[PDB]
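Using PDB author numbering, read the sequence shown as starting at 23 and increasing by one per residue.
We treat Cβ as the ideally placed atom computed from N, Cα and C, and that holds for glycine.
One structure is given here, and the rest of the page talks about it.
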Amino acid sequence: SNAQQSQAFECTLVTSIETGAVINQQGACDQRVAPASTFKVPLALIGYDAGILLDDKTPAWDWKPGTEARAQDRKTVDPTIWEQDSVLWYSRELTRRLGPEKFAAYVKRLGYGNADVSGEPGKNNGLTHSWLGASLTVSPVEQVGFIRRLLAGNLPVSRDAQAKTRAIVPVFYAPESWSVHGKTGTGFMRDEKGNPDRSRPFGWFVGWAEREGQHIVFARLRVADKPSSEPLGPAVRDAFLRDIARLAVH
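This is the structure we're talking about:
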């Protein structure tokens, strides 16, 4: 096989909030990958603490000509839609108001992954592409640790910002009355030259879930070595919701 060796892998990490113990772990769950749209969770947190984001419906911004955005994103967006629909330009409008110093200050203070939002050295894309592949990476275990802290309010930002961040995390309902609060992410791994490799798509689903008062925190990440027709983030999500009852039984 003239191609390079396969770097595909899967992780599924579920931990109990009440006992602190791992419930189900498939894969090493320690590999770092760009958070993609999962970064909207700590970015909402940064925005609510800084005061650019106010509540679940404000500020409402309108897409305007000249801004890079998918055809579905060209509408009016507020924090709820931003999270539910993964609106990339709203994230970049939020970082543009934050500025490079405030942005790297919050990411470092949150201890989120490698806390590197400088971007690719030479392209000055820290504020626009760092969470997509340019610099910032995070592992499943670090996704679970951050979400655990967010869920308890122990992150080093205001507790009201954490409450407002939890409120716009999208909600899903899984079998056996599991209420799931999760965020997807989809992207491509980088090739040797630093360009997106479309044969290496990846998908995330990270968040927490509740059933009859018990809480779990989870992270699922799939990194493929072959192209996919559908976005992996939503596919990983749908598979996780179908499985979470058997996954959380231990």
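Exercise. Helix, strand or coil for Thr-187 per DSSP?
Worked result: Residue 187 sits at position 165 when you count from the first residue of the sequence shown. In this structure, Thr-187 counts as helix in the three-state DSSP scheme.
Problem set entry | Own chain partners of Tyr-134 with C-beta closer than 7 Å, once the 5 adjacent residues on each side are dropped | Counted from its first residue, the sequence shown places residue 134 at position 112. The answer, listed in chain order, is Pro-64, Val-160 and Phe-168.
Problem set entry | Cβ pair residue 340, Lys-62 closer than 8 Å | Shown here, the chain extends from 23 to 272; a query on residue 340 therefore has no answer.
Problem set entry | Simplified DSSP state of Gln-29, which is helix, strand or coil | Residue mapping note: residue 29 aligns to position 7 of the sequence shown, counting from 1. Three-state result, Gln-29: coil.
Exercise. So what does DSSP say about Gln-53, is it helix, strand or coil?
Worked result: On the sequence shown, position 31 is the one that residue 53 refers to. Correct three-state label for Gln-53: coil.
Exercise. Can the beta-carbon of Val-258 be found closer than 8 Å to that of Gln-165?
Worked result: Position 236 of the sequence shown, counted from the start, is the residue given in the question as residue 258. Position 143 of the sequence shown, counted from the start, is the residue given in the question as residue 165. Result no, Cβ atoms of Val-258 and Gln-165 do not sit closer than 8 Å.
Exercise. When the distance is taken between beta carbons, is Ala-72 closer than 8 Å to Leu-149?
Worked result: Indexing the sequence shown from 1 puts residue 149 at position 127. Indexing the sequence shown from 1 puts residue 72 at position 50. Contact: no.
Exercise. For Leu-269, which of helix, strand or coil comes out of DSSP?
Worked result: The residue given as residue 269 occupies position 247 in the sequence shown. Residue state, collapsed to three classes: helix.
For this session: Note down the Cα distance separating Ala-196 from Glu-232, rounded to an integer number of angstroms.
Result: Along the sequence shown, read from residue 1 onward, the residue named residue 196 stands at position 174. Along the sequence shown, read from residue 1 onward, the residue named residue 232 stands at position 210. Near 10 Å, if we compare the C-alpha coordinates of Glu-232 and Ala-196.
Problem set entry | Distance CB(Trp-111)-CB(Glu-90) smaller than 8 Å | Along the sequence shown, one-based indexing puts residue 111 at 89. Along the sequence shown, one-based indexing puts residue 90 at 68. A contact, by the Cβ cut-off of 8 Å.
Problem set entry | Backbone CA spacing between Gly-42 and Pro-162 [nearest angstrom] | Working through the sequence shown from its first residue, we reach residue 42 at position 20. Working through the sequence shown from its first residue, we reach residue 162 at position 140. For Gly-42 and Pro-162, the distance between alpha carbons rounds to 16 Å.
Exercise. By Cβ distance, which residues of its chain are closer than 7 Å to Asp-52, with the 5 residues on each side in sequence left out?
Worked result: Taking the first residue of the sequence shown as position 1, residue 52 is located at position 30. The residues are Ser-161 and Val-163.
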